[PDB]
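What follows is a single structure, written as structure tokens, with notes after it.
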Amino acid sequence: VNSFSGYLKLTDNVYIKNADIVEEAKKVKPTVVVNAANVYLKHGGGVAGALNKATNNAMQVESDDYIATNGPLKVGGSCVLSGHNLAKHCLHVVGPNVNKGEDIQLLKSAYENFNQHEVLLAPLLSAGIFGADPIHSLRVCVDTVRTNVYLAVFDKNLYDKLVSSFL
Ligand SMILES: NC(=O)c1c[nH]c2ncnc(NCc3cc(O)ccc3F)c12
């Protein structure tokens, strides 16, 4: 039993909800919140911009130190950093950004990072400003992630479409 509330169950391990991931994280304080990161951990917009703003820019300060030490992530890769006031940990996961021409096949590799954590609050990878089809992202999620994932979908119109079209 966990503290997530109001999710629709899609499969044995995948759950979905119309919610603002920032507000959901503040309420649940999950062990792991997933950020829709880019390889530079520059949290300018989308989910990343919103998660960072909620931390009063502490996420960005920590991220800049991480990059200065370790260099950029790989597309499809991830790193674990602090969750600040939102969660115990933040798993920064880089899905391909279609508006940069990156291979959509890397979306599966990106979701594989979730399997290193028993329970996660997450957005759909590569959705929103990363330019991928959220219906496809949900399909890859369900077919790749085996751990317990709670998906927060910001747009109410999009959520109903994902549910209604889910096979
Ligand atoms: N600034 C942001 O994007 C977000 C900030 N918090 C969030 N919490 C959950 N979902 C989000 N985006 C999902 C989304 C995907 C899509 O394809 C179209 C619209 C849309 F809203 C965001």
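Residues in the structure tokens are numbered from 1 in each chain, the chains being A, B, ... in the order shown, and ligands are numbered from 1 in the order shown.
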Environment of ligand 1 within 9 Å, counting only C-alpha atoms and all ligand atoms, reported as a VMD selection string: chain A and resid 18 to 24 36 45 to 51 122 to 135 151 to 159
Neighbours of residue 41 of chain A within 8 Å (only C-alpha atoms; same-chain residues fewer than 2 positions away dropped), as a ChimeraX atom specification? /A:37-39,43,60,63-64,67,72,92
Smallest atom-to-atom distance to residue 149 of chain A: which of A:161, A:27, A:89, A:117, using only C-alpha atoms?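 Result for the nearest residue to residue 149 of chain A: A:117.
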Output as a ChimeraX atom specification all residues of segment 49-143 of chain A that backbone DSSP marks as helix (DSSP H, G or I). /A:49-54,58-70,98-100,106-116,128-130,134-143
Selected residues written out with C-alpha atoms, as a compact mmCIF listing (two decimals), in the first residue's frame:
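Written file, part.txt:
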# COMPACT_ATOMS: atom_id res chain seq x y z
CA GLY A 49 11.37 24.01 -15.75
CA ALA A 50 8.36 23.50 -13.47
CA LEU A 51 10.10 21.03 -11.14
CA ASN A 52 13.13 23.29 -10.83
CA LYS A 53 11.04 26.42 -10.17
CA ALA A 54 9.28 24.59 -7.33
CA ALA A 58 18.10 24.48 -5.94
CA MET A 59 17.67 21.69 -8.49
CA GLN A 60 19.52 23.79 -11.09
CA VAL A 61 22.35 24.67 -8.67
CA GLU A 62 22.85 21.00 -7.80
CA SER A 63 22.62 20.04 -11.48
CA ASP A 64 25.27 22.55 -12.56
CA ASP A 65 27.70 21.08 -10.04
CA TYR A 66 26.86 17.57 -11.30
CA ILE A 67 27.60 18.54 -14.93
CA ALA A 68 30.79 20.38 -13.99
CA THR A 69 32.07 17.17 -12.37
CA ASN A 70 30.67 14.48 -14.67
CA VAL A 98 12.13 14.87 -31.52
CA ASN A 99 12.55 18.60 -32.13
CA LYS A 100 16.31 17.86 -32.10
CA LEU A 106 15.96 5.73 -27.62
CA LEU A 107 12.66 6.15 -25.76
CA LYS A 108 12.72 2.51 -24.65
CA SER A 109 16.25 2.91 -23.28
CA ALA A 110 15.08 6.01 -21.40
CA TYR A 111 12.19 4.12 -19.77
CA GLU A 112 14.52 1.25 -18.76
CA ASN A 113 16.02 3.60 -16.17
CA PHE A 114 12.72 3.39 -14.26
CA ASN A 115 13.33 -0.33 -13.57
CA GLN A 116 16.09 0.57 -11.11
CA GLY A 128 5.15 17.83 -24.30
CA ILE A 129 7.95 20.04 -25.61
CA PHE A 130 10.12 17.00 -26.40
CA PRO A 134 2.27 10.89 -25.86
CA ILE A 135 0.16 7.88 -26.90
CA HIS A 136 3.34 6.21 -28.15
CA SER A 137 5.22 7.25 -25.01
CA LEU A 138 2.54 5.61 -22.84
CA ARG A 139 2.76 2.43 -24.91
CA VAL A 140 6.56 2.25 -24.55
CA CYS A 141 6.20 2.92 -20.81
CA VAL A 142 3.74 0.05 -20.28
CA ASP A 143 5.83 -2.29 -22.44
Atomic separation - atom CA of residue 86 of chain A relative to atom CA of residue 26 of chain A, Å: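 Taking atom CA of residue 26 of chain A as the start and atom CA of residue 86 of chain A as the end point, the length is 5.1 Å.
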Residues at most 8 Å from residue 79 of chain A, counting only C-alpha atoms, excluding those fewer than 4 positions away in the same chain, as a PDB file with N, CA and C atoms, in the first residue's frame?
ATOM      1  N   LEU A  73      24.876  13.969 -19.613  1.00  0.00           N
ATOM      2  CA  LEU A  73      24.273  12.649 -19.724  1.00  0.00           C
ATOM      3  C   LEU A  73      24.221  12.226 -21.190  1.00  0.00           C
ATOM      4  N   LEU A  91      15.063  11.328 -10.190  1.00  0.00           N
ATOM      5  CA  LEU A  91      15.684  10.604 -11.288  1.00  0.00           C
ATOM      6  C   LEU A  91      15.551  11.452 -12.550  1.00  0.00           C
ATOM      7  N   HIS A  92      16.663  12.056 -12.976  1.00  0.00           N
ATOM      8  CA  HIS A  92      16.688  12.869 -14.188  1.00  0.00           C
ATOM      9  C   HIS A  92      16.880  11.921 -15.355  1.00  0.00           C
ATOM     10  N   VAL A  93      15.869  11.801 -16.216  1.00  0.00           N
ATOM     11  CA  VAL A  93      15.893  10.865 -17.334  1.00  0.00           C
ATOM     12  C   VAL A  93      15.809  11.654 -18.628  1.00  0.00           C
TER      13      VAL A  93
END
Compare A:103, A:88, A:1, A:160 by their minimum atom-to-atom distance to residue 29 of chain A, counting only C-alpha atoms, and give me the closest one.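 The closest residue to residue 29 of chain A is A:88.
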Fewer than 2 positions away in the same chain doesn't count, so skip those; otherwise give me all residues within 10 Å of residue 10 of chain A, counting only C-alpha atoms, as a PyMOL selection string. chain A and resi 7-8+12-16+142+163+166-167
For a quick check of understanding, using only C-alpha atoms, which of A:165, A:57, A:35, A:148 has the smallest distance to residue 81 of chain A? A:35
Which polymer residues have any atom within 10 Å of an atom of residue 102 of chain A, counting only C-alpha atoms, with same-chain residues fewer than 6 positions away left out, as a ChimeraX atom specification? /A:75,95-96,130
Distance of atom CA of residue 4 of chain A from atom CA of residue 34 of chain A, expressed in Å to one decimal place: 15.1 Å
Could you pull out the residues in segment 19-110 of chain A that DSSP calls strand (DSSP E) from the backbone, as a PyMOL selection string? chain A and resi 32-36+78-82+89-93
Nearest to residue 33 of chain A, chosen from A:55, A:11, A:82, A:2, with only C-alpha atoms counted in the distances: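 Between A:55, A:11, A:82, A:2, the residue approaching residue 33 of chain A most closely is A:82.
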